[PDB]
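Shown next, in structure tokens, is the structure this report addresses.
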Protein chains: 2
Amino acid sequence: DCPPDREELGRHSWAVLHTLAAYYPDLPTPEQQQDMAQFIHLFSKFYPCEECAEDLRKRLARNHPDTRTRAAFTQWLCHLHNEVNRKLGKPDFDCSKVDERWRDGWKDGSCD
Amino acid sequence: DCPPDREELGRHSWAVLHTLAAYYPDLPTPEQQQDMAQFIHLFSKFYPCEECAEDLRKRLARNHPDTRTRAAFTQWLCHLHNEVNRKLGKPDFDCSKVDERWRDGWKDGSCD
Ligand SMILES: Cc1cc2nc3c(=O)[nH]c(=O)nc-3n(C[C@H](O)[C@H](O)[C@H](O)COP(=O)(O)OP(=O)(O)OC[C@H]3O[C@@H](n4cnc5c(N)ncnc54)[C@H](O)[C@@H]3O)c2cc1C
Ligand SMILES: Cc1cc2nc3c(=O)[nH]c(=O)nc-3n(C[C@H](O)[C@H](O)[C@H](O)COP(=O)(O)OP(=O)(O)OC[C@H]3O[C@@H](n4cnc5c(N)ncnc54)[C@H](O)[C@@H]3O)c2cc1C
Ligand code: NA
Ligand code: NA
Ligand SMILES: [Zn+2]
Ligand SMILES: [Zn+2]
Ligand SMILES: [Zn+2]
Ligand SMILES: [Zn+2]
Ligand SMILES: [Zn+2]
Ligand SMILES: [Zn+2]
Ligand SMILES: [Zn+2]
Ligand SMILES: [Zn+2]
């Protein structure tokens, strides 16, 4: 029960972000589309890893969140995460698997 | 690497929320105060535990986030969490300890 470090906070943050994405509507209202884009922007203002937050705001200044549908947003966010992975020398996550990882469980049923 | 369940997602969500609070400014601008209140409201719209999110929106409809300073917000959020703890038959967290838990580490140095 110590304050989470960069690694622990980062993992939990992605878990939160990818989970919210995984359950976002397939057919969001215009308000939901605006709200979710604003949510990601606000996260970028307050994420307390200052280097991380700066990096993120830079990225979002060009690459605005795609919140048009669940499919779009889950893909958008998976790609954003892979950009961070690449910076940190981590492998790309296969974005075609984003639903298995964050909603449905692996196809082999190992999460059932 | 399975989709987090209610318990795992909840723990990580509180970790994220209390950490953002712990590092929020002592002297936030009016824009930061509005932004952080909006951030909490948006979280309440998208948190995918539907019972949880409903519960939260109900609470926030009366008890709006206090984002006036770091001290206020960390306390506000600790109290909000304790309301949820109480519903779930968990003990109250001592809010006077919120900085030890989420920023500084325990006074005994066990986190150093
Ligand atoms: C917006 C943001 C920005 C950050 N910027 C920085 C930074 O600039 N510098 C820095 O050092 N750290 C940064 N971090 C923290 C960093 O990205 C990691 O969270 C941290 O290094 C821990 O890495 P990890 O290997 O445990 O797994 P993480 O990258 O935390 O991934 C957690 C899990 O998510 C899954 N996953 C991995 N990639 C993807 C993907 N593309 N899509 C969907 N799921 C995936 C995997 O199952 C993985 O185990 C940032 C975090 C966030 C949320
Ligand atoms: C906004 C929100 C709402 C939720 N609503 C529900 C709900 O209606 N029903 C439901 O079943 N679950 C709900 N959850 C999930 C639930 O609150 C817990 O996260 C989950 O049951 C796991 O509990 P836990 O005992 O692991 O610790 P959590 O309550 O997840 O706490 C994690 C850690 O935070 C620290 N902590 C505990 N209390 C406080 C506090 N008051 N202030 C600061 N730090 C604290 C402790 O170190 C604790 O180990 C909600 C979560 C959130 C974020
Ligand atoms: Na660590
Ligand atoms: Na569990
Ligand atoms: Zn690292
Ligand atoms: Zn943790
Ligand atoms: Zn699109
Ligand atoms: Zn790219
Ligand atoms: Zn529970
Ligand atoms: Zn986890
Ligand atoms: Zn106040
Ligand atoms: Zn109360």
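All chain A residue numbers match Swiss-Prot; in order, they span 94-205.
In case you wondered, yes, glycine gets a Cβ from its N, Cα and C as well.
If you take the C-beta of A:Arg194 (FAD binding site) and look for same-chain residues 6 or more apart in sequence within under 8 angstroms, you find A:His111, A:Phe186. Taken from Swiss-Prot, the feature FAD binding site covers A:99-107, A:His111, A:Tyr140, A:171-183, A:194-195.
If you look up Swiss-Prot, you'll see A:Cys142-A:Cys145 (among others) marked as disulfide bond. In three-state terms derived from DSSP, A:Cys145 (disulfide bond) belongs to a helical segment.
Residues within less than 8 Å, Cβ to Cβ, of A:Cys188 (disulfide bond) and separated from it by at least 6 positions along the same chain comprise A:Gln168, A:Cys171, A:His172, A:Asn175. Secondary structure at A:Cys188 (disulfide bond), taken from DSSP and collapsed to helix, strand or coil, is helix. The disulfide bond annotation in Swiss-Prot covers A:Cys171-A:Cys188 (among others).
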Near-B candidates in A:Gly103, A:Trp107, A:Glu176, A:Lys180, A:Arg194, the binding-site residues, by Cβ under 8 Å: A:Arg194
Residue pair A:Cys145 (disulfide bond), A:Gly103 (FAD binding site) - Cα distance, angstrom, rounded: 9
Inter-residue C-alpha distance, A:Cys142 (disulfide bond) and A:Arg99 (FAD binding site) (nearest angstrom): 7
Close-lying recorded positions around ligand 1 among A:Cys171, A:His172, A:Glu176, where CB distance stays under 6 Å: A:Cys171
Among A:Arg99, A:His172, A:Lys180, the most crowded of the binding-site residues [Cβ within 10 Å]: A:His172
In three-state DSSP terms, the structure that A:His172 (FAD binding site) belongs to: helix
